[PDB]
Structure formats: structure tokens, C-alpha cells
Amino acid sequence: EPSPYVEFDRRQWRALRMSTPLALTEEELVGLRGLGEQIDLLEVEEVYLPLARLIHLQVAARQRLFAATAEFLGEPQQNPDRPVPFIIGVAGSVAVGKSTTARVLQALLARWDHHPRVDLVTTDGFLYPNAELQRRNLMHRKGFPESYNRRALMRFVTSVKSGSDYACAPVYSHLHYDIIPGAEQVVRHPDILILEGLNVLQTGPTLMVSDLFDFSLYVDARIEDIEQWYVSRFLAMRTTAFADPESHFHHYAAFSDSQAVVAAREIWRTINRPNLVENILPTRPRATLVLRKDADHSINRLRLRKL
């Protein structure tokens, strides 16, 4: 029986790297690396370089596609110094490490001949404010589709891709657990915009941000390991983030491995776990590429959508 997907294991995938140049320092990789992640330059070579190569084979191609419609509409040929922005979506659960994947991926595409203007945006700033969430009773549902201003989010990506000179996005504070007043992230006609989020790949009764993606990644892993990674790093933050007297969750810092584990499992169970199962996982089937990680965070298997 035929399939739209083709699957590899690093052995295979790492080959397609061809001769793609590794433009990343190990100290540079570390500044993109997040607490918990095991990513090293090897993986960046055997996994991110082929991805980088792949993506570039399509940025030019996906171009000959807007051209076609331009040529159809009887329109000039926009400045090759400003074509249509390439949209990439990175999706996956909390703690799966999609955020590092996105940061790394940006660093790569960024330092790639030309001088590509690769921008990265997380759907975080598109969360309604704690006060707005309280009004809607969603304070315990952050991460769920309805806790985001998907209306605003669409205008953003739509704007950018439709060739605008600048689009603004709100900013979220993880320390203060809320959207920052006045904060603005301005994105000016990138060449490639990477949108990172949980349900970014979701679909609905209306054109959504995923309908604008030209390529998408879905970092994956057994729901059982993610919980581990989630909990494990809840504890780990007792001495990093929660340590700041300014943190909203500074109270978690004094917890014990035990108390913390209870706390962590409960949040996972009541929030992130459900959200992953009923919202994020059902989008996995339509991601250009899935990055399957082993319990050790190692990406040892991939799934590409050929169709």
C-alpha cells in the first residue's frame, strides 16, 4: 500500500546532507540550546544540515509557484530583493524541545550564503492576557487553541507573507507569566519566517496560519517521555527560573523533589497532557517532516511528506 510519507533513520537521513556546510560553533549552539536538550553539533550535522539542504531546495521552488500566479494575473516581477516570505511552522508538545529546534533552524538558514533574513516568532505573544484569560475562564487552559488570539495571529502571518514592510507581534513574559504591556516584536519583510507554537498546524472552518506554511516540522516523542522531560525540568528550574524572586512561580523554588514532582505531574496531567492528546497530536499527520526523538532526546528517526 502506497504512502504520502517516506521514513528514514539517521543513518539514511544523515546522508542527504550532501555537502552542506556546518556554520555553527559549539558555543553558538549552546546559546540556542535549552535546559534539558541534548543537542550537539553531531545531530546538527546528521539531522539539521539535510533539513537545511532540503528546505533550500524548496524556497526557490515554492517561489516559481507564486510567480506562476503573478504571470497569470499579469503582474510585474517583484524585486528579487523582496520575493514572497517562506513560512515554516514548528509544532509539538511542551518540553519536547521544539523551541530549540526552531532556534537552531533559524541560526542555520540565517548563515547561508546570501544573507537570508530569517525571523523567528513564537505564538506565545498571541496568548490573551491573564486578565483576558480570567474573563474567559481559561487561566488553567494556557496552550489550548482558545487561549490564543488566533485572529490576531493570522493577521500577523498573513500580513508578513502578503509582502508587508513590517508586522508587529505582542511579547510574552515567561517570568511574569503574562503578556508584556507595550512590548512589540517587529518583523520586517523577512525572507523566511519561522512560526513556533503548539497548535500552529491546527486547522479549522477558516483559513488559518497553517494554510500559509510552505514547510512544517513536528518534533515528536512518546507521550511518556515528554512527561518525564517536562517534570524533570520543572525540578531543574527550581534553581534557575523559579529562583528569581521576581518569578511568578518563585514559590516552586522551595519545593522538594517530591513536592515538585507532584506539582509537575499534576500540571502535565491537567493541562499539557490533554492539550497534546486532543489538539497537538492530531496535526502531526500533515507536517512536512516529523522529528521523532528517543527517550534520550536523540532524534533517531524521521518522517518526510513526499505527497
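One-based numbering along the sequence shown. For the two forms, the rigid core is made up of the largest set of C-alpha atoms that agree within 1.5 Å on superposition.
- The stretch that moves more in 8 other deposited structures of this protein, judged by CA deviation after a rigid core superposition and choosing between 77-85 and 194-202, is 77-85.
- Stretches 32-40 and 57-65 differ in mean CA B factor, with 57-65 having the higher one.
- Legend: mean Cα B-factor per stretch from the PDB entry, 22-30 versus 241-249; the higher mean is in 22-30.
- Among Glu224, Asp211, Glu196, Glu132, the highest C-alpha B-factor in the deposited entry belongs to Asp211.
- If you compare the C-alpha temperature factors of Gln77, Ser93, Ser147, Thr123 in the entry, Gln77 comes out highest.
- Sort the chain's modelled residues by C-alpha temperature factor and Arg284 lands in the lowest third, per the entry.
- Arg292: CA B factor in the lowest third of modelled residues in this chain (values from the PDB entry).
- Ranked by Cα temperature factor within the chain, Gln185 sits in the lowest third according to the deposited record.
- In this PDB entry, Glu46 carries a Cα temperature factor that places it within the lowest third of its chain's modelled residues.
- Compared with the other modelled residues of the chain, the Cα B-factor recorded for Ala260 ranks in the lowest third.
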